[PDB]
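Enquirer: Structure here, sequence nowhere to be found:
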C-alpha cells in the first residue's frame, strides 16, 4: 500500500541554505594545496624555480577568491537581467566585457 | 623635559612619524610643520570612524575582540567608507550577506 | 607542475559562486571560470615575478604580491 | 531646466554614435540624471582644484586634471 | 548464508531491499556481535519482541540513511542468492505494475 | 629588525573610542595597511596639487584640498573639521 519516499529538499532549498551558510563564512573556499600548485605551474612560465612564501600563496588566493566572488556577483545580476536564474558563460562574458579586461 | 608634538596637537596617532614619512616620501621638496599635524588628525579620524563601526558590528556577533570580518561589515555597510575602501579587498572579510529578490521562493 | 587548474574543483568553483549569491550554476561555467582565474592569476603572478627579479630575490614574496595587486587596482589589506 | 536642454534628439545622437538602434523613451530622462551626476563629479573636483589656486576662473587644464583624478584621462586639451 | 557485513535482501512492506548486516543477534545469549566482539544490548539499544526470540540481524538499507537501520528476523531477512534476487526482480515488477495502475487510474481521473 | 607600524597608536585611539574591546593581529595589520594606503593617497594627491600650482611645499592647505578631493562625501567634512581643530590646537600650543 503506502510506499516510502525519502525526504528530499526541493531543488533550491538546499541551494539557498548553503548560500546563507557560505555568506557567513569568511574561510577560503578553493583549497590551499590545490591552489598553491595552481601557481607553481602558473609561475614556472615566468621564472624558473621561483620559490614562494606560505603567505604569498595565501595572499594570491584571498585576492583570487575576492576577484571571483565579485565577478560571480555581477554575473548573477547579468543572469537576472535576462530574467533567468541560471548563469551562463555569456554572463561572465558580458560582465567582463564591461569591466574592460575584455 | 621634552613633550611630543601629538600632545601639542591633542592626537593619538604620531605626528612626528607622519612627518618623517612625508619627508622621506619625497612627496614634495619641503614640508611644513602643520602638514603632518593635519594628516595625523585625518588619519586618526578615519581610523576611528572605521573602528567605531567595527565596534558596533562586533558586539552584535557577541565577540570580545575584533576579527578581520567585522572590518568588512563596517566597510561594506557604510556607504562612504565603501567608496573609499572600494577597490580594496580586506582579508577574511566574506561579503555582505545578500540574495536577490527574484531568487527568493514565491 | 602541469594542468593543476583542475584543482580548483567544480565543487569549489561552485562554493565561490555560491558565495557570490548564485543559485543555479550552468555547466559550461566551470570551464569559463577556471579560465578567468588563469588570466587573473597570470597577470598578478607575472607582475610579481617581475617585482621578484627586480629585487634580485628568488623567493616570490607575499610583499610583492600585494604590490602587484595594487598595480592592477585590486589592493589587498592584511599582509603589508 | 538647463538640464532639459540636453534634448532628446541629442541623446538619440549619442546613442547612434553608441551603436543603439532603438532607444526606449524612458531612457532619455535617465540619461539626463546620469549625465548630471557625472558632470557633478568632475566639475566638483574641477573647482576644488580651482579654489586651490585661488583662481576664480576655472581652466580646461583643471578640467582634465579632475578627469585624471576620477580616472578617465583626456588627451587633447593640455597637460 | 548470513555474514557480518555481507549482502542480504529483506522485506520492507511488500518489497525487497538490499542491506548490509552490521550486527548478528543470538536470542539464547541475549547478545549480538558487531563490526567496526560479543556484547549485550546497550542502554538505548533494543530489539522488537516479535523477532527477538528468533535470530536477528541489524541491517542498513543501501541507498538510504542510518535512520532506516533496523533489526530483522528470518521472516524479514533472506540470504543474498539468485533466487532472492530473482524474486526481488519479480516484486520490483509488481511495484512497476502498481505504478502503472496508478498512472491508468489518474489518467482516467483526468478524463 | 625594528618594524615601524601604527600598532600602539591605533590601539590607543581604540580605547579612546572603546576602552573595553580587543583587536586581532591580522585585523590590526588590516588597520595598519589601511592607514598607510589612505596616507599614501592623501599625500600623493597633495604632492600633485602642489606640482600643479607650481608650489614646492606641502602646506596644511594641500592636505585639505586633498582630503576633500579624495575622501568621499561627508567623510570629508568631518575629516576637515577635525584636521582644522587639530592644527588650531597645534598652533595654540605652539
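Expert: Cool, got the structure. Numbering: from 1, shown residues only, chains lettered A, B, ... in the order given.
Enquirer: Quick check: which helices or strands does the lengthiest helix in chain A pack against?
Expert: In chain A, ranked by residue count with DSSP state H as the criterion, the top helix is helix A:56-81. Packing partners of helix A:56-81 (3 or more C-beta pairs under 8 Å, 6 or more residues apart in numbering or on different chains; DSSP states H and E): helix A:32-43, strand A:86-87, helix A:89-99, strand B:88-90, helix C:10-19, helix C:30-54, helix C:62-72, strand C:75-77. For the C-beta atoms, the positions are set from N, CA and C on the backbone; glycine is no exception.
Enquirer: how about a cut-off of 6 Å?
Expert: Using 3 or more C-beta pairs under 6 Å, 6 or more residues apart in numbering or on different chains; DSSP states H and E, the elements in contact with helix A:56-81 are helix A:89-99, helix C:10-19, helix C:62-72.
Enquirer: now those helices in a markdown table, with mean neighbour count?
Expert: Below are the helices and strands packed on helix A:56-81 laid out as a markdown table (neighbours: other C-beta atoms under 10 Å in any protein chain shown):
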| stretch | mean neighbour count |
| --- | --- |
| helix A:89-99 | 17 |
| helix C:10-19 | 21 |
| helix C:62-72 | 22 |
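Enquirer: Export those helices as CSV, with columns for distance to chain E.
Expert: Formatted as CSV, those follow (distance: least, C-beta to the nearest C-beta, whole Å):
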stretch, distance to chain E
helix A:89-99, 35
helix C:10-19, 21
helix C:62-72, 45
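Enquirer: Tell me which of these sits nearest to chain B.
Expert: Smallest distance to chain B across the helices and strands packed on helix A:56-81 (C-beta to the nearest C-beta): 6.6 Å, for helix C:10-19.
Enquirer: Residues touching the closest one, excluding its own?
Expert: A:18, A:19, A:22, A:29, A:30, A:68, A:69, A:72, C:25, C:30, C:33 (C-beta atoms under 6 Å, 6 or more residues apart in numbering or on different chains).
Enquirer: Most neighbours among those, which one is it?
Expert: For these, the largest number of neighbours (other C-beta atoms under 10 Å in any protein chain shown) sits with residue A:72, at 27 neighbours.
Enquirer: Quick check: that residue vs residue C:21, distance?
Expert: Computed as C-beta to C-beta, to the nearest Å, the residue A:72 to residue C:21 distance reads 7 Å.
Enquirer: Kindly report the same for residue A:79.
Expert: 11 Å.
Enquirer: Could you give the backbone dihedrals for the residue in chain C that chain B sits nearest to?
Expert: In chain C, the residue that lies nearest chain B is residue C:78 (2.7 Å; C-beta to the nearest C-beta). Residue C:78 adopts backbone torsions of phi 130, psi -10, taken as degrees, to the nearest 10.
Enquirer: give the contact list for it.
Expert: Residues in contact with residue C:78 (C-beta under 6 Å, 6+ apart) are B:91, F:29, F:30.
Enquirer: Just to be sure, the second one is in a helix?
Expert: Yes - counting by DSSP: H, G, I helix; E, B strand; the rest coil, residue F:29 falls inside a helix.
Enquirer: Please name the nearest non-neighbouring residue to it.
Expert: Using C-beta to C-beta, 6 or more residues apart in numbering or on different chains and skipping residues adjacent in sequence, the residue nearest residue F:29 is residue C:78, 5.7 Å away.
Enquirer: rewinding a little: nearest to chain E among the contacts of helix C:10-19?
Expert: The nearest member of the contacts of helix C:10-19 to chain E, counting by C-beta to the nearest C-beta, is residue A:18 at 18.9 Å.
Enquirer: Check which helices and strands whatever helix or strand the closest one lives in sits against.
Expert: According to DSSP states H and E, residue A:18 maps onto helix A:13-22. Contact analysis of helix A:13-22 by 3+ C-beta pairs under 6 Å, 6+ apart lists helix C:10-19 as its packing neighbours.
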